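S.K.: My questions all concern the structure below.
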Amino acid sequence: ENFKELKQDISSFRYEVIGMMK
Amino acid sequence: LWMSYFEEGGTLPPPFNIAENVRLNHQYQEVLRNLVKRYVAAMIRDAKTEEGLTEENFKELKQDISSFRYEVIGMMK
Amino acid sequence: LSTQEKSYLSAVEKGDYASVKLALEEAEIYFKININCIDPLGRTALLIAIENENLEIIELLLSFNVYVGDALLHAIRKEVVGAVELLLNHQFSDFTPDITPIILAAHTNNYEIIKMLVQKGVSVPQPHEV
């Protein structure tokens, strides 16, 4: 569960930044 | 030992010794469906998220960051 | 389980905030997909967003009035303090019909949640001795 949490943090960060630059 | 005394076969010590089903399949099938659903939810879905971590997880988590970095750098250039 | 629901559940699982919001907006006006849907293992969107502790997604899905159900018990069993704070200030079950929030909270020695619950006022029924 810790690993899935830490992967999802990075996923959401990436999506937000990509949407912010476009 | 107990089950040997649940029937009316001996019931007497040696000294003084000489549809009806199709309807029920409905309830039984309903019970099995609930039992199987509960087992799937409890054992093979809720106790698989309590295992340990190994090297494959670490390589996965490193590769996520690598790909993110490459994409962003290419997006700013 | 339509494809338009698979896309929505995948967006929730990854954490795409904009996509999940867009799906929710397109649902309230076209009534295409059912937000209260289950994936093969049985999870809903609320359970998926709680299992990852995505507080923004959890807050959003409350603003569209999804079905809550036994969502407080799952957050208590997962020991998510923020989710419990949100869910407090607002048929197949995985729990026996006798487990209440305070009992399930006391099974897990989590001081924060227990205090948060007893501040609101609860009561555990003492059993008669024998």
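We label chains A, B, ... in the order they appear in the structure tokens, count residues from 1 in each chain, and number ligands from 1 in the order shown.
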With a cut-off of 8 Å and counting only C-alpha atoms, select all residues of chain C in contact with chain B and give the selection as a list in words.

M.R.: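 Here is what falls inside 8 Å: residues 41, 42 and 94 of chain C.
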
S.K.: For those residues, write N, CA and C atoms to a file as a short mmCIF file (atom, residue, chain, number, x, y, z; two decimals), in the first residue's frame.

M.R.:
```
data_model
loop_
_atom_site.label_atom_id
_atom_site.label_comp_id
_atom_site.auth_asym_id
_atom_site.auth_seq_id
_atom_site.Cartn_x
_atom_site.Cartn_y
_atom_site.Cartn_z
N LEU C 41 -13.20 -6.37 -8.69
CA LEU C 41 -13.00 -6.77 -7.30
C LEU C 41 -14.11 -6.23 -6.41
N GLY C 42 -14.82 -5.21 -6.86
CA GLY C 42 -15.95 -4.66 -6.13
C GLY C 42 -15.79 -3.23 -5.67
N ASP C 94 -18.89 -5.32 3.74
CA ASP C 94 -17.71 -6.07 4.15
C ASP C 94 -17.60 -6.22 5.65
#
```

S.K.: Could you name the residues that touch residue 18 of chain C at 9 Å or less, counting only C-alpha atoms, but leaving out those on the same chain fewer than 3 positions away, as a PyMOL selection string?

M.R.: (chain A and resi 15-16+19) or (chain C and resi 15+21-23)

S.K.: Deliver the residues from the most recent selection as a file, using N, CA, C and O atoms, as a PDB file, in the first residue's frame.

M.R.:
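selection.pdb, written as the output of this step:
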```
ATOM      1  N   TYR A  15       0.558  14.722 -13.925  1.00  0.00           N
ATOM      2  CA  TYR A  15      -0.626  15.154 -14.659  1.00  0.00           C
ATOM      3  C   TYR A  15      -0.875  16.639 -14.457  1.00  0.00           C
ATOM      4  O   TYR A  15      -1.130  17.374 -15.418  1.00  0.00           O
ATOM      5  N   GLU A  16      -0.789  17.103 -13.209  1.00  0.00           N
ATOM      6  CA  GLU A  16      -1.069  18.507 -12.933  1.00  0.00           C
ATOM      7  C   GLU A  16      -0.077  19.422 -13.636  1.00  0.00           C
ATOM      8  O   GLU A  16      -0.467  20.427 -14.235  1.00  0.00           O
ATOM      9  N   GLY A  19      -0.678  19.475 -17.445  1.00  0.00           N
ATOM     10  CA  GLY A  19      -1.823  20.320 -17.734  1.00  0.00           C
ATOM     11  C   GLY A  19      -1.562  21.792 -17.491  1.00  0.00           C
ATOM     12  O   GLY A  19      -2.182  22.649 -18.122  1.00  0.00           O
TER      13      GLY A  19
ATOM     14  N   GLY C  15      -5.126   9.596 -10.764  1.00  0.00           N
ATOM     15  CA  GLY C  15      -5.108  10.834 -10.015  1.00  0.00           C
ATOM     16  C   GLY C  15      -5.322  12.047 -10.890  1.00  0.00           C
ATOM     17  O   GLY C  15      -5.058  13.178 -10.478  1.00  0.00           O
ATOM     18  N   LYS C  21     -12.977  15.409 -12.971  1.00  0.00           N
ATOM     19  CA  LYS C  21     -13.949  16.491 -12.898  1.00  0.00           C
ATOM     20  C   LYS C  21     -14.750  16.598 -14.187  1.00  0.00           C
ATOM     21  O   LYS C  21     -15.965  16.819 -14.152  1.00  0.00           O
ATOM     22  N   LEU C  22     -14.090  16.439 -15.334  1.00  0.00           N
ATOM     23  CA  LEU C  22     -14.804  16.520 -16.602  1.00  0.00           C
ATOM     24  C   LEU C  22     -15.829  15.405 -16.728  1.00  0.00           C
ATOM     25  O   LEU C  22     -16.949  15.631 -17.199  1.00  0.00           O
ATOM     26  N   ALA C  23     -15.464  14.189 -16.323  1.00  0.00           N
ATOM     27  CA  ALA C  23     -16.422  13.091 -16.369  1.00  0.00           C
ATOM     28  C   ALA C  23     -17.614  13.367 -15.465  1.00  0.00           C
ATOM     29  O   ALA C  23     -18.766  13.143 -15.853  1.00  0.00           O
TER      30      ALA C  23
END
```

S.K.: Please return, as a CSV table (one decimal) with N, CA, C and O atoms, in the first residue's frame, all residues of chain A lying within 10 Å of chain B when only C-alpha atoms are considered.

M.R.:
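Listing of part_24.csv after writing:
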```csv
chain,number,residue,atom,x,y,z
A,1,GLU,N,0.8,-1.2,0.0
A,1,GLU,CA,0.0,0.0,0.0
A,1,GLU,C,0.9,1.3,0.0
A,1,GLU,O,0.5,2.2,-0.7
A,2,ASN,N,2.0,1.2,0.7
A,2,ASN,CA,2.9,2.4,0.7
A,2,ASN,C,3.4,2.6,-0.7
A,2,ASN,O,3.5,3.7,-1.1
A,3,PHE,N,3.8,1.5,-1.4
A,3,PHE,CA,4.4,1.7,-2.7
A,3,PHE,C,3.3,2.3,-3.7
A,3,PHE,O,3.6,3.1,-4.5
A,4,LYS,N,2.1,1.8,-3.6
A,4,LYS,CA,1.1,2.4,-4.5
A,4,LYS,C,0.8,3.8,-4.2
A,4,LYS,O,0.6,4.6,-5.1
A,6,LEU,N,3.0,6.0,-3.0
A,6,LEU,CA,4.1,6.8,-3.5
A,6,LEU,C,4.1,6.9,-5.0
A,6,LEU,O,4.6,7.9,-5.5
A,7,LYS,N,3.6,5.8,-5.7
A,7,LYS,CA,3.5,5.9,-7.1
A,7,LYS,C,2.4,6.9,-7.5
A,7,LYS,O,2.6,7.6,-8.5
A,10,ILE,N,3.4,10.7,-7.5
A,10,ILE,CA,4.1,11.1,-8.7
A,10,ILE,C,3.2,11.2,-9.9
A,10,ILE,O,3.3,12.1,-10.7
A,11,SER,N,2.3,10.3,-10.0
A,11,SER,CA,1.4,10.3,-11.1
A,11,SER,C,0.5,11.6,-11.1
A,11,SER,O,0.4,12.3,-12.2
A,13,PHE,N,1.2,14.4,-9.6
A,13,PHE,CA,2.0,15.6,-9.8
A,13,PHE,C,2.3,15.7,-11.3
A,13,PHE,O,2.2,16.9,-11.9
A,14,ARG,N,2.6,14.7,-12.0
A,14,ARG,CA,2.9,14.7,-13.4
A,14,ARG,C,1.7,15.3,-14.2
A,14,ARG,O,1.9,16.1,-15.1
A,15,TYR,N,0.6,14.7,-13.9
A,15,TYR,CA,-0.6,15.2,-14.7
A,15,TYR,C,-0.9,16.6,-14.5
A,15,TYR,O,-1.1,17.4,-15.4
A,17,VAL,N,1.2,19.1,-13.6
A,17,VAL,CA,2.2,19.9,-14.2
A,17,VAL,C,2.0,20.0,-15.7
A,17,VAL,O,2.1,21.0,-16.4
A,18,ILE,N,1.8,18.8,-16.3
A,18,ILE,CA,1.6,18.7,-17.8
A,18,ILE,C,0.4,19.6,-18.2
A,18,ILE,O,0.5,20.3,-19.2
A,21,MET,N,1.3,23.3,-18.0
A,21,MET,CA,2.2,23.8,-19.1
A,21,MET,C,1.4,23.8,-20.5
A,21,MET,O,2.0,24.1,-21.5
A,22,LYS,N,0.2,23.3,-20.5
A,22,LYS,CA,-0.6,23.2,-21.7
A,22,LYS,C,-2.0,23.6,-21.5
A,22,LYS,O,-2.3,24.8,-21.2
```

S.K.: Can you pull out every residue from segment 7-123 of chain C that DSSP, working from the backbone, puts in helix (DSSP H, G or I), and format the result as a ChimeraX atom specification?

M.R.: /C:7-14,17-30,45-51,55-63,71-78,81-88,101-107,111-120

S.K.: Write out as a PyMOL selection string every residue belonging to chain C that has an atom at most 9 Å from any atom of chain A, counting only C-alpha atoms.

M.R.: chain C and resi 13-18+51-54

S.K.: Please indicate the distance in Å from atom CA of residue 6 of chain B to atom CA of residue 23 of chain B, rounded to one decimal place.

M.R.: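 Taking atom CA of residue 6 of chain B as the start and atom CA of residue 23 of chain B as the end point, the length is 26.5 Å.
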
S.K.: Between atom CA of residue 5 of chain C and atom CA of residue 75 of chain C, what is the spacing in Å?

M.R.: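 Computing the Euclidean distance for atom CA of residue 75 of chain C and atom CA of residue 5 of chain C yields 23.7 Å.
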